[PDB]
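Data first, discussion second: the structure below is written as structure tokens.
2 protein chains.
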Amino acid sequence: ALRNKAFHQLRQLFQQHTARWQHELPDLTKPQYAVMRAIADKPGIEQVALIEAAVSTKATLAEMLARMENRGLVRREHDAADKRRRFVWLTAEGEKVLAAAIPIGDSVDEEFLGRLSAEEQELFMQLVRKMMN
Amino acid sequence: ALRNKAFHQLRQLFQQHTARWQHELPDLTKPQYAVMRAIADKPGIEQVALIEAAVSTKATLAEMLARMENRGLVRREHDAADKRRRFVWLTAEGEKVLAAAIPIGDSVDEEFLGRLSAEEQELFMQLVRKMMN
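In order, the protein sequences belong to chains A and B. Position one of the first sequence corresponds to residue 2 (the UniProt record's numbering), numbered consecutively onward. Position one of the second sequence corresponds to residue 2 (the UniProt record's numbering), numbered consecutively onward.
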């Protein structure tokens, strides 16, 4: 049965967590949230570097960041040499939105991680990383 | 950092596995694949029951199954009483497509699960289920 497939149960969990995230933060997706935290950690980060936080393609990030700056959450500047290269900052509003979302996302994570001891959480992470090499 | 968030690393893994799936099976997504296996296990399954395999909403499943029968992969029949209620079978082609995809999907799963011992696989599953209650 599908319940016996590790990666099926994985999509079940990922979707349950995503669905809770959608209910609590309907206007800030997990990829948007992660991108914004990467920007807050490294203001002026090069736009291309943000695909790691976004776990997306260059195209999906382009569409994402365009939507985000149209919503006044981020601003961008270009390289005078190569205007494709772009740098990303949070706007004042973006910082406010991010500040409010962090404890919300943390608590959504906790709805699930809270069902595990500390040793089990650390060990769930070791397994995920081991499967990614 | 985001790498220290269990559910961020989880999306990293899920997307890596999804990206491999997309490369090997570009015409059969994981939700489509899971739905088809649920149909093959229970021919004539009620369409509503398939949201569990699809890990989706009723609407996403509707769009999915419509696309799948337009591609000749599944067929559907209606309840003479309540024609919203529908039953789903695989077509001959669908069975052929599913037969070919199973070993492909299994081997994609193995690219990741293969990096874990049997005890670690079973234990990754116990953790995922424990976080879903």
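Every residue, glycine too, gets a C-beta built ideally from N, C-alpha and C.
From what residue to what residue does the beta strand (DSSP E) around residue 56 of chain A run? Taking the first sequence and counting its residues from 1, the one referred to as residue 56 of chain A is at position 55. Premise fails: residue 56 of chain A is in no beta strand (DSSP E) and is neither H nor E.
Residue 134 of chain B: contacting residues in chain A (beta-carbon distance under 8 Å): Counted from its first residue, the second sequence places residue 134 of chain B at position 133. Within 8 Å Cβ-Cβ: 116.
Between B:83, B:72 and B:88, which has its C-alpha nearest residue 135 of chain B's C-alpha? Here chain B has residues from 2 to 134 only, and residue 135 of chain B is not among them.
Which residues bound the alpha helix (DSSP H) around residue 109 of chain A? Counting from 1 along the first sequence, the entry for residue 109 of chain A is found at position 108. It spans 93-114 - the alpha helix (DSSP H) in which residue 109 of chain A sits, taken as one unbroken run.
Should residue 82 of chain B go down as buried or exposed, given a rule of 16 or more other Cβ atoms within 10 Å for buried? In the second sequence, residue 82 of chain B corresponds to position 81, counting from 1. It is exposed - the Cβ of residue 82 of chain B has fewer than 16 other Cβ atoms within 10 Å.
Quick one: using the 10 Å Cβ neighbour count with 16 as the cut-off for buried, is residue 49 of chain B buried or exposed? Position 48 of the second sequence, counting from 1, holds the residue named residue 49 of chain B. When all chains shown are included, residue 49 of chain B counts as exposed.
Starting from residue 79 of chain B, follow its DSSP beta bridges and name the residues at the other end. Here residue 79 of chain B refers to the residue found at position 78 of the second sequence. Residue 79 of chain B pairs with B:87.
Identity of the residue in A:14, A:124, A:110 and A:89 nearest residue 133 of chain B by Cα: Sequence index remark: in the second sequence, residue 133 of chain B carries index 132 (1-based). Among A:14, A:124, A:110 and A:89, the Cα nearest to that of residue 133 of chain B is on A:14.
Distance, residue 120 of chain B Cα to residue 57 of chain A Cα: Translated into positions along the first sequence, residue 57 of chain A becomes position 56. Translated into positions along the second sequence, residue 120 of chain B becomes position 119. Residue 57 of chain A and residue 120 of chain B: Cα-Cα distance of roughly 32 Å.
Which chain A residues sit within Cβ distance under 7 Å of residue 121 of chain B? Within the second sequence, residue 121 of chain B is the residue found at index 120, counting from 1. Result: 128.
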